[PDB]
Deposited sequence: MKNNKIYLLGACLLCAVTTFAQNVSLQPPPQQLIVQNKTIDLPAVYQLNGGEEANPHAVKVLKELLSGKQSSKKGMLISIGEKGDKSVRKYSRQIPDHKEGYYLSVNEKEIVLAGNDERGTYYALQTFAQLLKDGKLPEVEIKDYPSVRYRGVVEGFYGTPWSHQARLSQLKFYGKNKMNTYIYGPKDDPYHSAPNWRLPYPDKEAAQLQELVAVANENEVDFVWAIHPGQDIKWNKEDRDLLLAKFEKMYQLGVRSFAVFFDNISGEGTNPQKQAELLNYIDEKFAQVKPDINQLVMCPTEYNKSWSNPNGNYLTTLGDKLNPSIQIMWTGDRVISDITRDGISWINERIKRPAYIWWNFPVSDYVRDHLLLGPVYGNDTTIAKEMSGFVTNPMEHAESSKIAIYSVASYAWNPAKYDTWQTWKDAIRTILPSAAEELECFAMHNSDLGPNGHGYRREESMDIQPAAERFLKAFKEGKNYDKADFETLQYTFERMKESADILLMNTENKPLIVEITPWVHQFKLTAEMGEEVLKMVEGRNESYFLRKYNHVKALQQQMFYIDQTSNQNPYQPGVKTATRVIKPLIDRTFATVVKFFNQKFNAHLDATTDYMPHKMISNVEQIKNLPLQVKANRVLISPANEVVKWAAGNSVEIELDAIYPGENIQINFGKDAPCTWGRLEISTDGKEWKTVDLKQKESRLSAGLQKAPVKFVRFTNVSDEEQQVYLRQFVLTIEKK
């Protein structure tokens, strides 16, 4: 099992032992990064040959080495091992494949000829929210090397030295030193560190700003950076002028990229960066495609801000930019649904269009470890799209990331995949396995027919498995940083499962007293879920923690409200059928941070000092006046 799967693989069905005595051939001339991996894997003998084509070590294998950048030939048989790159990166990649072949001190007899289908592959740290930590970025870069991703584009929107206004200023010493270590680690792992700049919100089209931009790039070059990007995404005003962006990019190309001895990628992200944002008959994209120097890459997110790449979609862009688009794929980025983790499989992208793209990069979540699921899958897709297997690669990623609890992580991920409704209109599948038992159960229950015991048991099994998975994940110490990222969702996922269990016990409801016990327990679990949703992940945009939102929570919520109705009809009672706990009383009320709002007479659960009120455009300042009751969008802000 190899990720990414190689272009060609012949397995012979013999085992070889990794040699106890071995003779290394080419160690002094091969890529030192590759040699390093080899010597770490190891400990007159069997010949091992390592090198790039043209090296004496492997020259005789020239006809086996694919004539492709980053290509390699790998061979293991009873007499020798060959590890031969088309180029230095190819040799390194041969080693990353070799490392996966190796199991319990043993190797299969194999022959591999391999190379990437897409030239640039990797990650753009390009989101809004808390930028990745230094430690997370160091862990990312080694993960990229392992999965043959050759590109990391550094551009966190909330880094003030990447965007406005402090893009003009050189990083302070501490950050500068850390960026320098990132570049060293990137180089060692055969990843191009691409430093991007995002200057467009306040850029002036004059000599001063032009010189300041170049001076900043020069400071980055001194730190070791050899690839560069200028991003004009999500800005307004003069900085959106395509003639001027092209001129600036061409000036960078001619005065910097064609002036330093060793600059690699020069990349730009347009302002009209997906089809829906492209002004019809407006010539923004035709100006870039026509004026931009042919070596400069142009990024593109597809037909929408968030979209999967189609053949019709990529033909539409390429005809305009006159070159193959450099894909900026907006998944698993969650910076517009920050209360959701997006841990499902990578899918939706046409697997036959590798020739139509210059690069394919993924914009990930602010949760770095959790993003490795999709990242590993994108690595797989971009290297060998023709053999890309969505579900197997998802499972492979999970087993790679958390071998000691892969099935528990699979369980958690399967039910934390969808985005919920959103302004981008982008959705993913979730909980599809149990979705037929769910829909069957609910249809039968609601209308008045008997449900199938099997479906009920299926639901029971799932909640049971959810609780097992949550508790095992919380205490897993194999990848602590991943567990730190996901813990709030994990707690919420567990409460979801327990709630499911108690609602199911209500459905059976042996008797009146047992029913009420179950009902009160459920009310308490709803309160607990509210508490997590108000105290975890309290960001300004989508605060809180949602989980299992597509199929499971709605099923539990609907079953609860239905069985409560049935109890009230039967026992002539008046139990509260509401499913989301709300401390305040009044369309449902909502609490977001220090706001209390009616979904587009309120009595708060206490006296708070008020700040202001907004109603639709009406507003009034409250000036800290004590408030418990309010009586007339509809939003109250309070000091909380």
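- Stretches of the deposited sequence left without coordinates are 1 to 24, 68 to 73, 617 to 625, 640 to 652, 669 to 699, 716 to 728, 737, in sequence order.
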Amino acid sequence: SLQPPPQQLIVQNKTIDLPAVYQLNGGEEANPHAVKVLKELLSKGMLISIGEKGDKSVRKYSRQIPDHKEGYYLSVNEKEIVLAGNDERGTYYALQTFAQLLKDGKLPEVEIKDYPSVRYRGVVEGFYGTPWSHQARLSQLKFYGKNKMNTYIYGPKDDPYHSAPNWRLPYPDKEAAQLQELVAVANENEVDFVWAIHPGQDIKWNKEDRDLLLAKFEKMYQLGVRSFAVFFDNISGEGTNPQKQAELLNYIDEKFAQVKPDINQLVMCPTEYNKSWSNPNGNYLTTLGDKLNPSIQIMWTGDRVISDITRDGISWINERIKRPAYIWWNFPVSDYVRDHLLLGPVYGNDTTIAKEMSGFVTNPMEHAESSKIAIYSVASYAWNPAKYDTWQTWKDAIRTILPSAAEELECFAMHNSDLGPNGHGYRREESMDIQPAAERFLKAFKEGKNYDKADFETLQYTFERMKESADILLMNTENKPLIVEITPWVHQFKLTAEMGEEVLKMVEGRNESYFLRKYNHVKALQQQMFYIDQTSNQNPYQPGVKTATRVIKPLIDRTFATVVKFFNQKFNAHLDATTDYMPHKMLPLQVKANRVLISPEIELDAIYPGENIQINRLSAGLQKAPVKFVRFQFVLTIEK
From here on, numbers count along this sequence of modelled residues.
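- A summary of the deposited B-factors shows that, of 454 to 462 and 168 to 176, the stretch with the larger mean C-alpha value is 454 to 462.
- For the pair 192 to 200 and 109 to 117, the record assigns the higher mean C-alpha temperature factor to 109 to 117.
- By the numbers in the PDB entry, the CA B factor is greatest at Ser513 among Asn241, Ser536, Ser133, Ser513.
- The PDB entry assigns the greatest CA B-factor among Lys148, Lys355, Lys387, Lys570 to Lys570.
- For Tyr72, the recorded CA B-factor ranks within the lowest third of the chain. Only modelled residues enter the ranking.
- Ranked by C-alpha B-factor against the other modelled residues of its chain, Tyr221 falls in the middle third.
- Among all modelled residues in this chain, the alpha-carbon of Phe98 has a temperature factor (C-alpha) in the middle third.
- In the deposited entry, the Cα temperature factor of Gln258 places it in the highest third of its chain's modelled residues.
- Annotation for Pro436: CA B-factor lies in the highest third of the chain's modelled residues.
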